[PDB]
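The block underneath contains the structure these notes are about, expressed in structure tokens.
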Amino acid sequence: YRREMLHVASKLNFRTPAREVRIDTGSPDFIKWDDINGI
Amino acid sequence: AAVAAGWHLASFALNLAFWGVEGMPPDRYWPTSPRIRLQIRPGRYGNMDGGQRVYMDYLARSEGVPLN
Amino acid sequence: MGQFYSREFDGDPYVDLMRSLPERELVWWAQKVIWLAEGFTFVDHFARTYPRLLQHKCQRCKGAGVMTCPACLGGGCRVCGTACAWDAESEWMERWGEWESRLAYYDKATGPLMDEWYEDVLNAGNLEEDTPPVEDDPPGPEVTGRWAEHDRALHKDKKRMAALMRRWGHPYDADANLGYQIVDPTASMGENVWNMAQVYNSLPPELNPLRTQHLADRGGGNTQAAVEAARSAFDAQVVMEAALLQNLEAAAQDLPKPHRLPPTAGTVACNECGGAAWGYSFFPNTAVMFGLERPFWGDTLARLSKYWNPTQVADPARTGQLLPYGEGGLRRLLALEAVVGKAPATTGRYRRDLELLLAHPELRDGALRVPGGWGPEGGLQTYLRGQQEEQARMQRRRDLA
Amino acid sequence: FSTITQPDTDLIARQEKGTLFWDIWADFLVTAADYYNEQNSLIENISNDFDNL
Amino acid sequence: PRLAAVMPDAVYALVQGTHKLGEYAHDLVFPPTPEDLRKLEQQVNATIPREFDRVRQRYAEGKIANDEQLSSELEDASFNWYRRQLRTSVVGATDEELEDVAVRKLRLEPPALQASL
Amino acid sequence: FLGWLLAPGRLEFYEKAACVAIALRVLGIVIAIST
Ligand SMILES: [Zn+2]
Ligand SMILES: [Zn+2]
């Protein structure tokens with residue numbers, strides 16, 4: 001229970017720095033592919 | 001009984017006339033290491049840091065070096 | 001117990017987590033041993049089940065290994081086996097007596113009462129007597145009556161108890177019975193054996209060599225030899241019982257019996273096989289694998305019905321044979337068997353005894369308990385001889401005065 | 001050959017329970033941490049996420 | 001603990017529970033009799049031995065117990081019935097002597113067929 | 001098959017294993033509520 005998650009938090013950066021990112025497409029800050037130009 | 005033994009003896013003589021691998025070319029459907037052919041590679045668990053130690057003497061157990 | 005700390009468990013995502021919790025380590029150990037127990041069970045099941053596929057049976061005897069001697073089914077036959085040790089019917093109660101004597105030693109059915117009797121005669125210092133009974137008194141002598149004799153014999157019991165205790169002490173000290181607390185059924189059979197094999201407790205006294213190791217002389221030379229020659233027959237009979245029971249267990253199922261014993265007084269050995277009735281063969285015995293072993297009752301009925309009913313298709317009209325098959329037909333064709341019938345000839349050896357049982361009706365009362373047997377040296381005749389010789393002896397003792 | 005070198009009960013148990021202990025709970029743990037954001041720190045973590053969850 | 005004791009209790013509980021569920025399945029589909037419950041009342045009453053009828057009357061008239069005095073009352077009734085049955089086993093019944101005991105345990109007499117019909 | 005499966009030795013092993021199992025379960029929950 002609590003002991004387990006506490007121990008796995010004690011080594012949290014030792015696990016992996018792989019940061020899954022959340023991609024949105026409807027929010028205004030999203031960029032189309034044809035958005036980028038001169039490329 | 002003599003005939004039924006001479007059959008096995010002829011087969012054994014034939015297998016003796018081979019004597020090795022001289023004359024046998026390489027082959028890609030049949031490597032010499034079963035692990036390559038069978039796609040066997042260790043994972044993450046069951047990995048002891050000092051297990052490599054054991055590994056060595058097992059090799060030293062069979063490479064016949066009586067040091068061990 | 002923190003065994004995953006020392007040096008060489010680093011690099012395993014789960015072992016380092018087990019480092020932080022001892023309960024995970026302990027349940028890991030428990031699971032580790034339980035999985036091995038499970039593997040052992042799987043393998044030994046496989047190894048006791050697979051051999052039953054490879055067993056084949058001689059087809060001529062059908063796994064019996066032994067065929068019939070018809071010469072005996074109707075100084076005798078000399079082809080068919082050696083008579084067994086129990087074919088002698090006139091030796092039955094004697095062997096039974098020896099065996100029940102030997103079995104009386106090992107017995108612990110009356111263990112608790114014998115134990116507390118030994119604990120009563122042992123100290124005789126407890127004496128927590130309760131309230132004595134309202135004591136009766138027997139009808140005095142000169143009143144001849146079976147009830148009166150019962151009562152007088154019932155009142156004459158304590159002095160006789162002390163008398164026999166003088167003549168024969170407590171059996172726990174004469175070691176005539178198994179020891180005081182060698183075994184009780186609530187410990188471990190592991191402990192119960194060790195106690196049994198401490199000092200020749202696995203035998204009765206009459207065969208124990210400790211009783212005889214002190215005297216062996218020029219006279220007979222049998223005191224240390226004729227007891228070893230009895231111990232040997234004892235162990236042989238015990239091993240035979242073990243073997244016969246293994247065979248009975250293999251025949252309770254339909255398995256082939258593991259012990260192939262020699263033929264006996266009515267059977268000869270199968271010639272096709274050696275008398276070995278089965279064996280392992282590396283070929284899977286398809287009939288056992290597909291469950292086709294047993295022959296479907298109706299088929300056997302048809303077979304036996306057509307084997308016991310031969311047919312005569314030729315008629316004596318043309319063929320000049322009017323006699324049935326066999327030899328000596330002309331001489332073949334030359335009292336109260338239709339009422340009472342036959343006289344049984346296996347039990348003449350008891351005729352005499354029955355006659356005595358009719359000449360002395362008093363022997364039929366429940367107070368007498370004769371050991372048993374048939375001959376003059378056994379059972380009823382012993383009591384009769386004792387009675388007659390003692391009455392004559394002490395009547396002639398009356399003649400002295 | 002290739003059958004008798006598969007992982008046995010111990011290693012399969014290690015695999016599946018380690019995968020439930022490492023890559024579903026600890027990733028939720030990372031999201032909780034860097035949403036809320038040395039032993040004392042792990043304590044408010046185990047707590048402020050006990051409180052809200 | 002002690003599987004040798006658990007298994008018989010397990011099977012006993014199984015079959016007894018199945019019996020209870022069957023009784024429930026039979027009392028709802030076929031509702032209980034209103035007055036033949038008195039038939040079964042008296043026909044389970046009739047086989048109660050005489051040595052218990054002494055408390056049955058004591059059960060009718062108030063002075064039964066609180067709850068404990070009967071549970072030590074019917075004990076001695078059970079025990080005297082026990083010793084009475086022991087004497088009927090060994091020395092026979094009240095109207096039966098040793099010759100008739102030997103007759104009964106030798107199975108010498110047939111059940112009366114003429115008196116049957 | 002069952003006479004071999006429920007032999008006294010296998011019975012005692014089953015019993016001891018189940019005893020240690022229930023022991024470790026309740027002890028683990030005792031130390032887990034103790035956190
Ligand atoms: Zn014969
Ligand atoms: Zn044969």
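Following the order of the structure tokens, first chain is A, next is B, and so on, with residues numbered from 1 inside each chain and ligands from 1 in the order they appear.
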Neighbours of ligand 1 at 8 Å or closer, counting only C-alpha atoms and all ligand atoms: which residues, as number ranges by chain?
C: 68-73, 76-81, 265-267
Restrict the selected residues to N, CA and C atoms and save them as an mmCIF file, in the first residue's frame.
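selection_21.cif, freshly written:
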```
data_model
loop_
_atom_site.group_PDB
_atom_site.id
_atom_site.type_symbol
_atom_site.label_atom_id
_atom_site.label_comp_id
_atom_site.auth_asym_id
_atom_site.auth_seq_id
_atom_site.Cartn_x
_atom_site.Cartn_y
_atom_site.Cartn_z
ATOM 1 N N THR C 68 -4.554 -74.308 -16.474
ATOM 2 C CA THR C 68 -5.193 -75.330 -15.659
ATOM 3 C C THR C 68 -4.626 -76.714 -15.945
ATOM 4 N N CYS C 69 -4.631 -77.554 -14.912
ATOM 5 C CA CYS C 69 -4.366 -78.980 -15.026
ATOM 6 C C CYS C 69 -5.698 -79.709 -14.954
ATOM 7 N N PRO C 70 -6.298 -80.099 -16.080
ATOM 8 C CA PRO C 70 -7.624 -80.729 -16.005
ATOM 9 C C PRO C 70 -7.598 -82.076 -15.314
ATOM 10 N N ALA C 71 -6.438 -82.738 -15.281
ATOM 11 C CA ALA C 71 -6.318 -84.044 -14.647
ATOM 12 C C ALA C 71 -6.786 -84.039 -13.199
ATOM 13 N N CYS C 72 -6.887 -82.870 -12.575
ATOM 14 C CA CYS C 72 -7.300 -82.769 -11.185
ATOM 15 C C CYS C 72 -8.683 -82.149 -11.004
ATOM 16 N N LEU C 73 -9.291 -81.591 -12.055
ATOM 17 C CA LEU C 73 -10.571 -80.924 -11.830
ATOM 18 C C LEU C 73 -11.718 -81.900 -11.605
ATOM 19 N N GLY C 76 -0.891 -88.854 -7.066
ATOM 20 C CA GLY C 76 -1.779 -88.134 -7.959
ATOM 21 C C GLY C 76 -1.038 -87.536 -9.134
ATOM 22 N N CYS C 77 -1.583 -86.441 -9.661
ATOM 23 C CA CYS C 77 -0.948 -85.751 -10.774
ATOM 24 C C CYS C 77 0.465 -85.335 -10.393
ATOM 25 N N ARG C 78 1.395 -85.488 -11.330
ATOM 26 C CA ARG C 78 2.791 -85.161 -11.089
ATOM 27 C C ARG C 78 3.302 -84.047 -11.983
ATOM 28 N N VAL C 79 2.431 -83.425 -12.770
ATOM 29 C CA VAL C 79 2.817 -82.299 -13.599
ATOM 30 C C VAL C 79 2.532 -80.957 -12.933
ATOM 31 N N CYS C 80 1.574 -80.889 -12.014
ATOM 32 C CA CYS C 80 0.943 -79.634 -11.615
ATOM 33 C C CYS C 80 1.319 -79.223 -10.193
ATOM 34 N N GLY C 81 2.442 -78.523 -10.052
ATOM 35 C CA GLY C 81 2.709 -77.730 -8.866
ATOM 36 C C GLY C 81 2.883 -78.446 -7.541
ATOM 37 N N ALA C 265 -1.057 -76.579 -6.691
ATOM 38 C CA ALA C 265 -1.455 -77.971 -6.807
ATOM 39 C C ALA C 265 -2.580 -78.206 -7.791
ATOM 40 N N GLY C 266 -2.924 -77.252 -8.636
ATOM 41 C CA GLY C 266 -3.959 -77.525 -9.606
ATOM 42 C C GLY C 266 -3.679 -76.907 -10.952
ATOM 43 N N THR C 267 -2.545 -76.228 -11.075
ATOM 44 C CA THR C 267 -2.243 -75.434 -12.251
ATOM 45 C C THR C 267 -0.805 -75.662 -12.686
#
```
Interface list for chain F, partner chain E, 8 Å threshold, only C-alpha atoms, as number ranges by chain:
F: 11, 15, 19
What residues have any atom no more than 7 Å from ligand 2 when counting only C-alpha atoms and all ligand atoms, and can you list them as JSON, numbers by chain?
{"C": [58, 59, 60, 61, 62, 63, 65, 66, 270, 271, 272, 273, 274, 275, 277]}
Using only C-alpha atoms, determine which residues of chain C fall within 9 Å of chain F; present them as a list in words.
residues 23, 24, 26, 27, 30, 34 and 45 of chain C
Residue with smallest distance to residue 184 of chain C - pool C:21, C:276, C:314, C:109, counting only C-alpha atoms:
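Using only C-alpha atoms, the shortest distance to residue 184 of chain C belongs to C:109.
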Within 8 Å of segment 12-24 of chain A, counting only C-alpha atoms, which residues qualify if same-chain residues fewer than 3 places away don't, as a list in words?
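Once the nearby chain positions are removed, what remains is residues 8, 9, 27 and 30 of chain A; 26 and 30 of chain D.
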Take the residues from that selection and put them in a file with C-alpha atoms, as an mmCIF file, in the first residue's frame.
```cif
data_model
loop_
_atom_site.group_PDB
_atom_site.id
_atom_site.type_symbol
_atom_site.label_atom_id
_atom_site.label_comp_id
_atom_site.auth_asym_id
_atom_site.auth_seq_id
_atom_site.Cartn_x
_atom_site.Cartn_y
_atom_site.Cartn_z
ATOM 1 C CA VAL A 8 8.921 3.682 -5.750
ATOM 2 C CA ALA A 9 8.852 7.450 -5.257
ATOM 3 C CA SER A 27 -6.728 24.144 -29.027
ATOM 4 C CA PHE A 30 -1.834 23.896 -32.139
ATOM 5 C CA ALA D 26 4.834 5.056 -10.809
ATOM 6 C CA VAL D 30 5.083 11.091 -11.736
#
```
Do me a favour and pick out the residues of chain C within 12 Å of chain B, using only C-alpha atoms, as a list in words.
residues 4, 5, 6, 7, 8, 9, 10, 11, 12, 13, 14, 15 and 16 of chain C
Those residues you just picked out, can you put them in a file as an mmCIF file, in the first residue's frame with C-alpha atoms?
```cif
data_model
loop_
_atom_site.group_PDB
_atom_site.id
_atom_site.type_symbol
_atom_site.label_atom_id
_atom_site.label_comp_id
_atom_site.auth_asym_id
_atom_site.auth_seq_id
_atom_site.Cartn_x
_atom_site.Cartn_y
_atom_site.Cartn_z
ATOM 1 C CA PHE C 4 18.754 -9.763 -0.433
ATOM 2 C CA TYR C 5 21.157 -7.116 0.897
ATOM 3 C CA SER C 6 24.649 -8.545 0.811
ATOM 4 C CA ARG C 7 26.323 -7.439 -2.419
ATOM 5 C CA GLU C 8 24.992 -9.028 -5.555
ATOM 6 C CA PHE C 9 21.270 -8.368 -6.030
ATOM 7 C CA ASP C 10 21.620 -4.956 -7.682
ATOM 8 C CA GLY C 11 20.135 -4.471 -11.142
ATOM 9 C CA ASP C 12 16.712 -6.091 -10.618
ATOM 10 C CA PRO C 13 13.706 -3.715 -10.459
ATOM 11 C CA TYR C 14 11.795 -6.078 -8.167
ATOM 12 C CA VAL C 15 14.565 -7.292 -5.848
ATOM 13 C CA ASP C 16 15.539 -3.774 -4.797
#
```
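When atom CA of residue 289 of chain C is paired with atom CA of residue 47 of chain C, their separation reads 16.0 Å.
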Would you please work out which residue, of D:39, D:32, D:12, D:22, is nearest to residue 52 of chain D when using only C-alpha atoms?
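Comparing D:39, D:32, D:12, D:22 against residue 52 of chain D, the winner is D:32.
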Within 9 Å of chain B: residues of chain D, using only C-alpha atoms, as a ChimeraX atom specification
/D:1-2,5,11,14-15
If you run DSSP on the backbone, which residues of chain D are alpha helix (DSSP H), as an MDAnalysis selection string?
chainID D and resid 9:22 25:36 39:52
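For segment 87-101 of chain C, the residues within 12 Å (counting only C-alpha atoms, excluding itself and residues fewer than 6 positions away along the chain) are residues 107, 176, 177, 204, 205, 206, 234, 237, 238, 264, 265, 266, 346, 347, 348, 349, 350, 371, 372, 373, 374, 375, 377, 378 and 379 of chain C.
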Mind pulling up the distance from atom CA of residue 17 of chain D to atom CA of residue 35 of chain F?
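Atom CA of residue 17 of chain D lies at a distance of 21.6 Å from atom CA of residue 35 of chain F.
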Per DSSP on the backbone, filter segment 74-279 of chain C down to the residues in strand (DSSP E or B) and report them as a PyMOL selection string.
chain C and resi 267-269+278-279
Pull the closest atom pair for each residue of chain D that gets at most 8 Å from chain C, along with the distance in Å to one decimal, counting only C-alpha atoms, ordering rows by chain and then ascending residue number, as a Markdown table.
```
| residue | atom | partner | partner_atom | distance |
| --- | --- | --- | --- | --- |
| D:9 | CA | C:35 | CA | 7.4 |
| D:10 | CA | C:32 | CA | 7.1 |
| D:14 | CA | C:14 | CA | 6.7 |
| D:18 | CA | C:14 | CA | 6.0 |
```
Would you mind listing, as a compact mmCIF listing (two decimals) with C-alpha atoms, in the first residue's frame, all residues of chain A that have at least one atom within 10 Å of chain C, where only C-alpha atoms are what counts?
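Result went into selection-v4.txt, see below:
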```txt
# COMPACT_ATOMS: atom_id res chain seq x y z
CA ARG A 3 5.12 1.64 1.80
CA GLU A 4 5.19 0.52 -1.83
CA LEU A 6 6.73 5.59 -1.05
CA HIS A 7 9.60 3.29 -2.02
CA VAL A 8 8.92 3.68 -5.75
CA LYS A 11 13.71 6.13 -6.76
CA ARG A 15 13.24 4.91 -13.40
```
